[PDB]
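Following: one structure in structure tokens, then a few remarks.
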Amino acid sequence: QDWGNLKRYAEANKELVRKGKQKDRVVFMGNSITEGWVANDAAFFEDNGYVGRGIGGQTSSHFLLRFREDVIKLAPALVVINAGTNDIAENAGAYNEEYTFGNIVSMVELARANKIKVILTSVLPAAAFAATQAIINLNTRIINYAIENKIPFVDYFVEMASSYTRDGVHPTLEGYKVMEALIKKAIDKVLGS
Amino acid sequence: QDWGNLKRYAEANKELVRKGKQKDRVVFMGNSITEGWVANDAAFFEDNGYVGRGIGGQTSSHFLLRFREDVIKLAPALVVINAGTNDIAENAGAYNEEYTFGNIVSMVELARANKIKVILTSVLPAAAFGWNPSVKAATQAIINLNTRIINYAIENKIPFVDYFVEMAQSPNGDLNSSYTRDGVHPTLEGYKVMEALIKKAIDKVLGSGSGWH
């Protein structure tokens, strides 16, 4: 058993460490949208020196368990954390806003303890404006925390289903292309500052 | 679902916060050893203002998941971490020293981010019994993990309480046979050895809490 799925990237991490620490490496942590980003446009990551560490179906608890191996040990300059909303889908009745939010705080604090800059992101489903309440309440709580602690963040807007989404939840390839320009702006500002 | 077992102490944490803030609270994070310590010797915790947050069978990965709710949100002065016994025992999966040691470091960094002092501790010696061939390899893993912990403690000026050296026996490095009956918990005599060490170390960090006596 390997509940956190540290196995998923363990060999890939080994191959990275063998190739030497890298300037301005950015790690993307997240669930299926982050996983699907690499699947849909691997060259965006490879060309930019970005490392995708997304795993579909996972919660912020899994992210916290993988954080040291899949982020800290890669010695990145910056980590993009897409976490929060997916716990509501995945945990359904057991979702607890305090626990999810606390996992995000924990990863921010681990990143900062290791001199890794942070961008928090969220991909807000279109029909989020049943779980609307939980999604908005969590996103607003993260926004307030981000402002109070000067954490840059990016709220990707998913249109109503559109050449950018089929279901109003997940990006198409074209939807990923427009998320790329936006996240790059955020990253290059954070790395330059 | 609640793989970390945040449910175990959720209600007890609520009732603790209801009773108000305590300046010198110490939280003990741990597995069956720590859970059974409160069961066998509640007075040691109650008399000294310590809070036990042990859960049986749990690994350092569980502890990392529970750390914010069961340590940070209790606003303690200090957290005692004893982690590793079940990582090595493999009751919850294969053992990886890097993963386990890294979970301990992550807890230390979360503690420090929250102005909580840390005492790190040795994983206890493995108990030899019957026809269990895994015990000699577990002892080598325990000693190697404790070495990673103690060098990290030295590097970061963190106190390290060496239960192991006081509870192991020669030549095999396994548990003093007197110090366990069930192979899961120290006996009370074993807990008393651990109490003298950890209380001395807590009092060194926080000062004497004896009051007027």
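Every chain in the structure tokens has a letter given in the order shown (A, B, ...), and although residue numbers restart at 1 in each chain, ligands are simply numbered from 1 in the order shown.
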Open item on the list: Should the cut-off be 7 Å, what would the residue list for chain B against chain A look like, counting only C-alpha atoms, as a ChimeraX atom specification?
Closed with: /B:61,65,68,92-94,102,106,109-110,113
Neighbouring residues of residue 82 (chain A) were defined as those with any atom within 7 Å, considering only C-alpha atoms; residues of the same chain fewer than 3 positions away were excluded. Please report them as a short mmCIF file (atom, residue, chain, number, x, y, z; two decimals) with N, CA, C and O atoms, in the first residue's frame.
data_model
loop_
_atom_site.label_atom_id
_atom_site.label_comp_id
_atom_site.auth_asym_id
_atom_site.auth_seq_id
_atom_site.Cartn_x
_atom_site.Cartn_y
_atom_site.Cartn_z
N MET A 29 1.61 21.26 -8.97
CA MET A 29 0.99 20.23 -8.13
C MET A 29 -0.53 20.33 -8.27
O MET A 29 -1.08 21.43 -8.36
N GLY A 30 -1.22 19.19 -8.35
CA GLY A 30 -2.65 19.24 -8.57
C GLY A 30 -3.21 17.87 -8.88
O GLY A 30 -2.52 16.86 -8.71
N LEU A 120 -0.98 30.04 -5.93
CA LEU A 120 -2.14 29.19 -5.76
C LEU A 120 -3.06 29.39 -6.95
O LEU A 120 -3.15 30.48 -7.49
N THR A 121 -3.68 28.31 -7.43
CA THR A 121 -4.61 28.41 -8.53
C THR A 121 -5.89 27.64 -8.24
O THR A 121 -5.94 26.74 -7.39
N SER A 122 -6.92 28.01 -8.98
CA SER A 122 -8.18 27.31 -8.90
C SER A 122 -8.83 27.39 -10.28
O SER A 122 -8.70 28.40 -10.97
#
- [ ] Please indicate the distance in Å from CA of residue 189 (chain B) to CA of residue 145 (chain B), rounded to one decimal place.
- [x]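 So the two atoms, CA of residue 189 (chain B) and CA of residue 145 (chain B), lie 25.0 Å apart.
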Task: residue 139 (chain A) surroundings by only C-alpha atoms, 9 Å radius, close-in-sequence under 6 positions cut, as a PyMOL selection string - done: chain A and resi 84-85+122+124
Open item on the list: If we count only C-alpha atoms and set the cut-off at 9 Å, which residues sit around residue 142 (chain A), ignoring sequence neighbours fewer than 3 positions away in its own chain? Please answer as a list in words.
Closed with: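 Returned residues: residues 84, 101, 104, 120, 137, 138, 139, 145, 146 and 147 of chain A.
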For those residues, write N, CA and C atoms to a file as a short mmCIF file (atom, residue, chain, number, x, y, z; two decimals), in the first residue's frame.
data_model
loop_
_atom_site.label_atom_id
_atom_site.label_comp_id
_atom_site.auth_asym_id
_atom_site.auth_seq_id
_atom_site.Cartn_x
_atom_site.Cartn_y
_atom_site.Cartn_z
N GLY A 84 -7.83 22.43 -3.63
CA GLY A 84 -8.95 23.04 -2.94
C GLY A 84 -10.24 22.42 -3.42
N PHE A 101 -8.72 23.37 3.64
CA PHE A 101 -7.99 24.62 3.73
C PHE A 101 -6.69 24.43 4.51
N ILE A 104 -3.88 23.13 2.45
CA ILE A 104 -3.29 24.13 1.57
C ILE A 104 -2.34 25.03 2.35
N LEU A 120 -0.98 30.04 -5.93
CA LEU A 120 -2.14 29.19 -5.76
C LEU A 120 -3.06 29.39 -6.95
N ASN A 137 -17.35 29.18 -0.95
CA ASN A 137 -16.84 29.46 0.39
C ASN A 137 -15.35 29.11 0.50
N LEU A 138 -14.94 27.98 -0.08
CA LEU A 138 -13.53 27.61 -0.01
C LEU A 138 -12.68 28.58 -0.83
N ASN A 139 -13.13 28.92 -2.03
CA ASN A 139 -12.34 29.81 -2.87
C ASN A 139 -12.16 31.16 -2.20
N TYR A 145 -6.95 34.40 2.63
CA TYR A 145 -5.66 33.93 3.13
C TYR A 145 -4.52 34.39 2.22
N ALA A 146 -4.71 34.26 0.90
CA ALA A 146 -3.68 34.68 -0.04
C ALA A 146 -3.37 36.16 0.08
N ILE A 147 -4.42 36.98 0.20
CA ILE A 147 -4.20 38.42 0.30
C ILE A 147 -3.44 38.74 1.57
#
Task: Å distance separating CA of residue 193 (chain A) from CA of residue 156 (chain B), one decimal place - done: 29.5 Å
Open item on the list: Neighbouring residues of residue 118 (chain B) were defined as those with any atom within 12 Å, considering only C-alpha atoms; residues of the same chain fewer than 4 positions away were excluded. Please report them as a VMD selection string.
Closed with: chain B and resid 26 to 29 71 to 72 76 to 82 104 to 105 107 to 114 153 156 to 161 198 201 to 202 205 to 206
TODO: Using DSSP on the backbone, list every residue of region 108-166 of chain B that comes out as strand (DSSP E or B), and give them as a list in words.
DONE: residues 117, 118, 119, 120, 121, 160 and 161 of chain B
Output the selection as an mmCIF file, in the first residue's frame - C-alpha atoms for each residue.
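Once everything was written out, this is part-v2.cif:
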data_model
loop_
_atom_site.group_PDB
_atom_site.id
_atom_site.type_symbol
_atom_site.label_atom_id
_atom_site.label_comp_id
_atom_site.auth_asym_id
_atom_site.auth_seq_id
_atom_site.Cartn_x
_atom_site.Cartn_y
_atom_site.Cartn_z
ATOM 1 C CA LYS B 117 9.253 24.063 19.742
ATOM 2 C CA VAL B 118 10.226 20.490 18.856
ATOM 3 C CA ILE B 119 11.727 17.525 20.666
ATOM 4 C CA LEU B 120 12.698 14.679 18.342
ATOM 5 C CA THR B 121 13.043 11.125 19.661
ATOM 6 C CA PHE B 160 16.973 14.498 20.583
ATOM 7 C CA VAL B 161 15.771 12.113 23.330
#
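The closest residue to residue 103 (chain B), picked from A:51, A:160, A:72, A:10 and counting only C-alpha atoms, is A:72.
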- [ ] Could you jot down the CA of residue 32 (chain B) to CA of residue 139 (chain B) separation for me, Å, one decimal place?
- [x]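 That distance, rounded to one decimal, is 18.0 Å.
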Open item on the list: Taking the DSSP secondary structure from the backbone, can you list the residues of region 12-75 of chain B that are alpha helix (DSSP H), as a PyMOL selection string?
Closed with: chain B and resi 12-18+32-40+42-48+60-70
Just the selected residues (N, CA and C atoms), exported as an mmCIF file, in the first residue's frame, please.
data_model
loop_
_atom_site.group_PDB
_atom_site.id
_atom_site.type_symbol
_atom_site.label_atom_id
_atom_site.label_comp_id
_atom_site.auth_asym_id
_atom_site.auth_seq_id
_atom_site.Cartn_x
_atom_site.Cartn_y
_atom_site.Cartn_z
ATOM 1 N N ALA B 12 -12.295 15.607 20.954
ATOM 2 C CA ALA B 12 -11.438 15.951 22.083
ATOM 3 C C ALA B 12 -10.688 17.252 21.848
ATOM 4 N N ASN B 13 -10.300 17.549 20.603
ATOM 5 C CA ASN B 13 -9.690 18.850 20.311
ATOM 6 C C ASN B 13 -10.664 20.004 20.565
ATOM 7 N N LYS B 14 -11.904 19.864 20.102
ATOM 8 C CA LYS B 14 -12.941 20.870 20.376
ATOM 9 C C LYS B 14 -13.064 21.156 21.866
ATOM 10 N N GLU B 15 -13.220 20.105 22.674
ATOM 11 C CA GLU B 15 -13.369 20.298 24.114
ATOM 12 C C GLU B 15 -12.130 20.928 24.734
ATOM 13 N N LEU B 16 -10.933 20.684 24.163
ATOM 14 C CA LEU B 16 -9.716 21.317 24.674
ATOM 15 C C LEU B 16 -9.707 22.817 24.410
ATOM 16 N N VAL B 17 -10.043 23.215 23.185
ATOM 17 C CA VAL B 17 -10.108 24.635 22.866
ATOM 18 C C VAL B 17 -11.190 25.312 23.697
ATOM 19 N N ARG B 18 -12.283 24.597 23.995
ATOM 20 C CA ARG B 18 -13.326 25.159 24.848
ATOM 21 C C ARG B 18 -12.796 25.490 26.235
ATOM 22 N N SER B 32 1.120 3.552 18.411
ATOM 23 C CA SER B 32 0.661 2.759 19.562
ATOM 24 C C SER B 32 1.461 3.035 20.822
ATOM 25 N N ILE B 33 2.754 3.310 20.682
ATOM 26 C CA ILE B 33 3.562 3.560 21.865
ATOM 27 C C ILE B 33 3.024 4.774 22.616
ATOM 28 N N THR B 34 2.741 5.847 21.886
ATOM 29 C CA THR B 34 2.259 7.074 22.507
ATOM 30 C C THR B 34 0.800 6.936 22.954
ATOM 31 N N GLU B 35 -0.044 6.277 22.145
ATOM 32 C CA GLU B 35 -1.429 6.044 22.551
ATOM 33 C C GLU B 35 -1.482 5.203 23.818
ATOM 34 N N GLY B 36 -0.648 4.164 23.885
ATOM 35 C CA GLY B 36 -0.685 3.303 25.053
ATOM 36 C C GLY B 36 -0.056 3.947 26.269
ATOM 37 N N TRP B 37 0.771 4.968 26.061
ATOM 38 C CA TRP B 37 1.380 5.687 27.174
ATOM 39 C C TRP B 37 0.310 6.433 27.970
ATOM 40 N N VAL B 38 -0.589 7.123 27.265
ATOM 41 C CA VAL B 38 -1.715 7.767 27.949
ATOM 42 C C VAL B 38 -2.630 6.730 28.600
ATOM 43 N N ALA B 39 -2.844 5.585 27.943
ATOM 44 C CA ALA B 39 -3.717 4.572 28.546
ATOM 45 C C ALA B 39 -3.119 4.009 29.834
ATOM 46 N N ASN B 40 -1.812 3.733 29.838
ATOM 47 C CA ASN B 40 -1.159 3.091 30.980
ATOM 48 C C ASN B 40 -0.827 4.101 32.078
ATOM 49 N N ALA B 42 -2.010 7.804 32.571
ATOM 50 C CA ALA B 42 -2.667 9.084 32.318
ATOM 51 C C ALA B 42 -2.120 10.184 33.220
ATOM 52 N N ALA B 43 -1.776 9.837 34.468
ATOM 53 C CA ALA B 43 -1.350 10.844 35.433
ATOM 54 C C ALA B 43 -0.110 11.588 34.962
ATOM 55 N N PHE B 44 0.808 10.894 34.284
ATOM 56 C CA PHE B 44 2.005 11.563 33.765
ATOM 57 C C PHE B 44 1.630 12.727 32.847
ATOM 58 N N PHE B 45 0.589 12.552 32.034
ATOM 59 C CA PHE B 45 0.144 13.609 31.131
ATOM 60 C C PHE B 45 -0.656 14.675 31.879
ATOM 61 N N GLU B 46 -1.645 14.250 32.653
ATOM 62 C CA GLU B 46 -2.489 15.197 33.379
ATOM 63 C C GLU B 46 -1.666 16.024 34.365
ATOM 64 N N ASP B 47 -0.792 15.372 35.142
ATOM 65 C CA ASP B 47 -0.030 16.096 36.158
ATOM 66 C C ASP B 47 0.895 17.141 35.549
ATOM 67 N N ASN B 48 1.431 16.892 34.344
ATOM 68 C CA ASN B 48 2.407 17.808 33.757
ATOM 69 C C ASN B 48 1.840 18.715 32.675
ATOM 70 N N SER B 60 4.457 7.713 10.127
ATOM 71 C CA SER B 60 4.773 9.121 9.977
ATOM 72 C C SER B 60 3.922 9.804 8.892
ATOM 73 N N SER B 61 3.397 9.057 7.915
ATOM 74 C CA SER B 61 2.530 9.675 6.906
ATOM 75 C C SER B 61 1.198 10.078 7.521
ATOM 76 N N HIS B 62 0.611 9.196 8.350
ATOM 77 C CA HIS B 62 -0.604 9.585 9.074
ATOM 78 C C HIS B 62 -0.358 10.825 9.913
ATOM 79 N N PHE B 63 0.770 10.839 10.647
ATOM 80 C CA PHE B 63 1.072 11.963 11.524
ATOM 81 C C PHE B 63 1.124 13.266 10.743
ATOM 82 N N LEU B 64 1.770 13.248 9.570
ATOM 83 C CA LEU B 64 1.822 14.472 8.779
ATOM 84 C C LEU B 64 0.407 14.957 8.436
ATOM 85 N N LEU B 65 -0.495 14.047 8.066
ATOM 86 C CA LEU B 65 -1.878 14.447 7.769
ATOM 87 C C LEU B 65 -2.587 15.035 8.994
ATOM 88 N N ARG B 66 -2.306 14.500 10.194
ATOM 89 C CA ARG B 66 -2.963 14.955 11.422
ATOM 90 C C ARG B 66 -2.274 16.140 12.078
ATOM 91 N N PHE B 67 -1.101 16.562 11.579
ATOM 92 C CA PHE B 67 -0.258 17.480 12.344
ATOM 93 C C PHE B 67 -0.958 18.815 12.630
ATOM 94 N N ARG B 68 -1.599 19.405 11.616
ATOM 95 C CA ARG B 68 -2.234 20.705 11.847
ATOM 96 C C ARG B 68 -3.391 20.586 12.836
ATOM 97 N N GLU B 69 -4.255 19.583 12.681
ATOM 98 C CA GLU B 69 -5.428 19.526 13.558
ATOM 99 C C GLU B 69 -5.038 19.078 14.968
ATOM 100 N N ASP B 70 -4.106 18.133 15.081
ATOM 101 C CA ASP B 70 -3.845 17.520 16.376
ATOM 102 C C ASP B 70 -2.660 18.128 17.089
#
Open item on the list: Using only C-alpha atoms, can you tell me which of B:164, B:212, B:172, B:177 comes closest to residue 193 (chain B)?
Closed with: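 For residue 193 (chain B), the nearest of the candidates is B:164.
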